[PDB]
Each structure stands twice: as C-alpha cells, then as structure tokens.
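# Structural overview for review
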Amino acid sequence: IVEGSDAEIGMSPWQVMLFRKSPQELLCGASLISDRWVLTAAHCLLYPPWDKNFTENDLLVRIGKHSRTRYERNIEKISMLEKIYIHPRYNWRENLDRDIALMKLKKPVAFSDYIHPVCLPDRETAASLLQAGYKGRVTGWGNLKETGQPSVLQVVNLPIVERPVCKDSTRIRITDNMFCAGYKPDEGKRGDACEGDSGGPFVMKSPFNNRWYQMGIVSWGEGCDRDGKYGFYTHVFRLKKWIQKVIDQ
Amino acid sequence: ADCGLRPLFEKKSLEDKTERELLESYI
Amino acid sequence: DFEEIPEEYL
Ligand SMILES: N=C(N)NCCCNC(=O)[C@@H]1CCCCN1C(=O)[C@@H](CC1CCCCC1)NCC(=O)O
Ligand SMILES: *[C@@H]1O[C@H](CO)[C@@H](O[C@@H]2O[C@H](CO)[C@@H](O)[C@H](O)[C@H]2NC(C)=O)[C@H](O)[C@H]1NC(C)=O
Ligand code: NA
Ligand code: NA
C-alpha cells in the first residue's frame with residue numbers, strides 16, 4: 001500500500017495473507033468470507049506469463065494477522081488449503097477479466113477478536129454503494145512504494161472513479177467486471193495498492209446496516225500511486241453468481 | 001449472519017480512526 | 001525475513 005497508514009488492531013479481521021510454504025514468503029492478500037472460504041484474485045494463484053500456477057499444497061493462509069513478518073502467537077491462525085477454485089473465464093491472457101478465485105480451507109477457522117468474516121454484497125448494496133465519489137478501503141502488506149516493506153498491515157481509503165475516467169487512464173481494455181479507484185491529480189490526496197497487495201479486499205461500510213462489504217479485489221494497476229493512473233479492482237458483485245455456485249458446490 | 005461486524009469495533013460500538021471519511025463520502 | 005512458523009503447519 002502506497003501512501004497509506006498502519007492499520008489499527010482488529011481493523012480488518014477478514015484480512016488474509018497467502019503464504020508460500022517452501023520459500024516462506026508473502027504471496028498475496030485475500031479475505032475471509034466464512035469459516036471455511038477465502039476469496040482472492042485469480043492471478044495470485046494462476047498467471048502463466050510469470051509461470052505461476054500454485055496447487056493447494058504450495059501455500060498456507062494466515063488469518064488474524066497485523067505484523068507482516070512476525071509469527072503472531074496466540075493471535076493469528078494458519079490454515080491449509082483443501083481446494084482452489086479459479087473462475088473458469090478468468091482472462092490472464094489480456095486484461096485479467098474476472099480476476100477472482102476461491103480457496104476452501106481443510107478445517108473451519110475459529111473466529112476471534114482478530115478473525116472475522118466480511119460480507120459479500122447483494123444487488124441493492126452494490127447498486128447503492130458503487131458510485132463515483134464513494135470511498136472504499138484497501139488493505140495489504142504490499143510495497144510502500146513503486147520502487148520498502150511495511151512492518152504492519154497498511155490501510156488507505158480511496159474514492160471510486162467514473163468509468164470514462166478509468167478507461168481514459170489506460171490502454172488496457174476495461175470490462176464490467178472491473179472498477180477503478182483512487183484520487184485524481186487535482187484532488188491532491190494520494191494512495192494506491194501496490195505489488196504484494198494483490199488479492200486483498202476493497203471494502204465499504206454500508207450506512208444502511210453498518211456492516212462491512214467487500215466490493216472489490218485488488219487486481220491490477222500501472223505503476224503505483226502515479227498521477228493520472230488508478231488501481232483496478234475485481235467487481236465482486238458482478239461475479240457473485242459464480243461464487244455462490246462454487247460454495248453451494 | 002454477523003458478517004461485517006468487527007469484534008473490536010462495531011460489536012463494541014467503537015469507530016476506527018478513518019471510517020467516518022467513508023461515511024462522509026456516501027453523499 | 002519472515003519469522004519461522006510452527007512446524008506443525010508443514
Ligand atoms: N493498484 C496498483 N497500482 N497495483 C497493485 C495491483 C497488483 N497486481 C499486479 O501487479 C498484476 C499481477 C499480475 C501481473 C501484472 N499486474 C499488473 O497490474 C500489471 C498491469 C497489467 C498486466 C497484464 C493484465 C492487465 C494489467 N502492472 C505491473 C506494474 O505496473 O508494476
Ligand atoms: C496448472 O497446474 C494444474 C495442476 O495444478 C494443471 O492441471 C492439470 O490438468 C491436466 C489436464 O490434462 C490434468 O490431467 C492434471 O491432473 C492437472 N494437474 C496436473 C498437476 O497436471 C494445469 O495444466 C497447469 N497449467 C495451467 C495453464 O493451468
Ligand atoms: Na483508454
Ligand atoms: Na494515481
């Protein structure tokens with residue numbers, strides 16, 4: 001996260017860290033949507049251009065974390081993956097269209113003050129909150145700058161941007177399964193997700209029922225926190241049908 | 001269920017330092 | 001630079 005701030009304790013209890021077993025390292029961010037399901041970006045698990053193609057056994061998910069590198073004894077919980085599910089129409093060849101994936105845990109994780117699931121939006125929630133100007137929150141343990149690593153989870157609030165503006169900021173083809181967020185140059189304020197933040201959640205707190213909803217997933221960007229550029233996120237609601245089908249199994 | 005309600009915040013009626021910024025943007 | 005995690009997690 002570039003130009004963000006240290007998260008408060010228990011501020012993002014659904015935050016999940018995808019951890020690589022062998023070379024123990026940070027693989028991506030993710031989110032907890034139930035005691036047995038974790039949501040993340042498809043490119044965190046599958047991305048042929050970089051020869052990335054993880055299997056259930058290549059990684060672990062660490063839930064309830066704050067510190068990036070420390071093993072948080074008595075607080076974080078480490079889970080193994082039973083199965084990975086990548087959206088069948090995930091477009092890694094061109095623009096990361098439908099950049100979403102699900103991971104089923106071998107055993108349900110126990111909720112606590114630091115481990116709690118985030119809500120997934122319904123049609124009305126999406127319709128009412130996904131508006132240009134409305135701010136969401138992005139969290140992650142990724143790079144603090146484009147070109148280092150944070151000590152603890154970082155957080156930044158960013159406004160959703162009008163589709164025309166998102167489109168005119170890049171050469172990449174944008175789809176309805178994406179939305180972009182970030183401040184414009186004339187708005188002064190800054191902030192963006194960066195390398196390592198992939199798969200993390202873009203959340204919004206409903207002013208109607210005061211619950212947190214995950215509206216997006218950190219998907220892609222060109223550089224980090226560059227003027228005239230924006231971060232792009234997977235449109236969670238647009239792909240909820242797939243999510244429900246997988247969970248319903 | 002109780003999704004989206006944080007044990008250390010919503011559940012205790014405590015607000016985090018920047019959530020108000022989000023609310024204020026929902027004009 | 002990550003702290004080693006319990007071996008029980010493989
Ligand atoms: N919010 C911002 N700015 N960045 C955080 C997003 C993290 N995702 C990636 O880096 C993904 C991961 C998969 C490969 C590369 N990639 C990128 O975003 C690419 C842009 C395009 C790659 C091909 C598909 C369309 C998007 N940029 C890398 C970079 O700018 O450093
Ligand atoms: C990515 O890895 C998966 C396995 O994790 C590969 O899937 C294989 O698909 C073939 C289909 O012919 C099956 O017979 C194999 O059992 C699957 N697993 C393995 C380990 O081969 C997949 O081919 C790899 N590449 C891509 C682009 O997905
Ligand atoms: Na364009
Ligand atoms: Na920018």
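Residues numbered from 1 in each chain as written, not as in the entry; some residues may be left out. Chains lettered and ligands numbered in written order. Heavy atoms only, no water. Residues with missing side-chain atoms left out of burial classes, pairs and counts.

In its metadata, the entry names X-ray crystallography as the structure determination method and reports 1.86 Å as the resolution.

## Describing the pattern of salt bridges
Counting across every chain of the model gives 23 salt bridges over all chains. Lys 229 of chain A serves as the salt-bridge partner of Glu 222 of chain A, at 3.5 Å between the closest nitrogen and oxygen. Residue class for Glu 222 of chain A comes out partly exposed when judged on its relative accessible area of 26%. Given the relative accessible area of 28%, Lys 229 of chain A is considered partly exposed. One salt-bridge network, in which partners are shared between bridges, spans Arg 137 and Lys 205 of chain A together with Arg 6, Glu 10, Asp 16 and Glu 19 of chain B. (Salt bridge = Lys/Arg side-chain N within 4 Å of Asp/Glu carboxyl O. Buried < 20%, exposed > 50% of the residue type's maximum accessible area, 1.4 Å probe, protein only.)

## Section: the sheet that holds strand β14 (residues 212-220) of chain A
Residue and element names in this part refer to chain A. Pairing is antiparallel across the open sheet formed by 7 strands, whose spatial order is β1-β11-β10-β13-β14-β15-β12. For this open sheet the edge positions go to β1 (5-6) and β12 (178-181), each flanked by a neighbour on one side alone. Two elements, strand β10 (residues 135-140) and strand β11 (residues 154-159), share 6 bridges in a ladder whose sense is antiparallel. Within β11, the residue paired with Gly 140 across the bridge is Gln 154. (Pairing = 2+ DSSP bridges. Helix = DSSP H or I, 4+ residues; strand = E, 2+ residues; numbered from the N terminus.)

## Let's talk about the interface of chain A and chain B
At the junction of the two partners, chain A supplies 27 residues and chain B supplies 20 residues. Around 2100 Å² of area is buried between chain A and chain B when both sides are counted, 57% of it from carbon and sulfur atoms. Together, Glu 8, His 116 and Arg 211 of chain A form the three largest contributors to the area buried by chain A at its contact with chain B, with a combined 25%. Two residues, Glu 21 of chain B and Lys 135 of chain A, come together in a salt bridge whose shortest N-O distance is 2.7 Å. Applying the counting criterion to the chain A and chain B interface returns 19 residue pairs in polar contact. Looking at the side of chain A that touches chain B, the elements that each hand over two or more residues are β10 and β13 (201-205) of chain A. Of all the elements, β10 of chain A adds the most residues to the side of chain A that touches chain B, at 3 residues. (Contact = heavy atoms within 4.5 Å. Buried area = accessible area lost by both parts, 1.4 Å probe. Polar contact = N/O pair within 3.5 Å; in protein donor to acceptor, adjacent residues only side chain to side chain.)

## Quick look at the interface of chain A and chain C
Many descriptions give the size of an interface as the accessible area lost when the pieces come together. Taken together, the contacts link 14 residues of chain A with 9 residues of chain C. Summed over both sides, the interface of chain A with chain C buries roughly 1200 Å², with 62% coming from carbon and sulfur. Applying the counting criterion to the chain A and chain C interface returns 1 salt bridge. Viewed at the interface, chain C and chain A are joined by 4 residue pairs in polar contact. Among the elements of the structure, β3 (25-32), β7 (59-63) and β8 (77-86) of chain A are those that each provide at least two residues to the side of chain A that touches chain C. Top element by residues in the side of chain A that touches chain C is β8 of chain A. It accounts for 3 residues. Per-class residue counts for the side of chain A that touches chain C are 6 nonpolar, 2 polar and 6 charged. (Nonpolar A, V, L, I, M, F, W, Y, C, P; charged D, E, K, R; others polar.)

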